[PDB]
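Inspection log for the structure reproduced underneath, given as structure tokens.
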Amino acid sequence: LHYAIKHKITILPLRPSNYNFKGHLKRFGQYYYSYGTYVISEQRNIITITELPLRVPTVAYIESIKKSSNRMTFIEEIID
DNA sequence: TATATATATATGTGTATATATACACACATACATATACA
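Those letters in the first sequence? Residues 886 to 965, per PDB author numbering, in order.
Encoded structure:
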């Protein structure tokens, strides 16, 4: 690590903090992405969202999904 | 001109809340302006 400080290279990893976060993180190319968790059931046409991505407010997400009429043509009722 | 309304203001010490602007940038939503056509 002293050699790496002298010559500006990396040895030890440095990952993002997933503490208190129940989705999952993936490194694609030059950036990380954060993923939330759904749960599907075709017997009732229900998807159950159980996790949002990092630092996403809940009511802002729900009001953002209601303004896209491209998505409103496929869903009927949304309950928190 | 008279007897009679019903709404209206201001004082101190209290109880509750509202709203405009700057600054950067990744991201989302709305056309619309053409360009092959058709």
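C-beta atoms are modelled at their ideal positions from N, C-alpha and C, and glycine is treated no differently.
Integer-rounded CB distance, given that residue j should sit under 8 Å from residue i
i: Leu-910; j: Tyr-904; result: About 12 Å separates the two Cβ atoms, so there is no contact after all.
i: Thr-933; j: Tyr-946; result: 15 Å between Cβ atoms; not a contact.
i: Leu-886; j: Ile-894; result: That pair is no contact at about 10 Å.
Buried or exposed (CB count within 10 angstroms, at least 16 for buried), residue i
i: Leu-937; result: buried
Continuous alpha helix (DSSP H) stretch holding residue i: start and end
i: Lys-891; result: 887-892
i: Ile-947; result: 943-950
i: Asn-905; result: Note, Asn-905: premise wrong, no alpha helix (DSSP H); not H, not E.
i: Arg-956; result: 954-957
Per DSSP, the bridge partner or partners of residue i
i: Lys-911; result: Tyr-918
i: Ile-932; result: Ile-925
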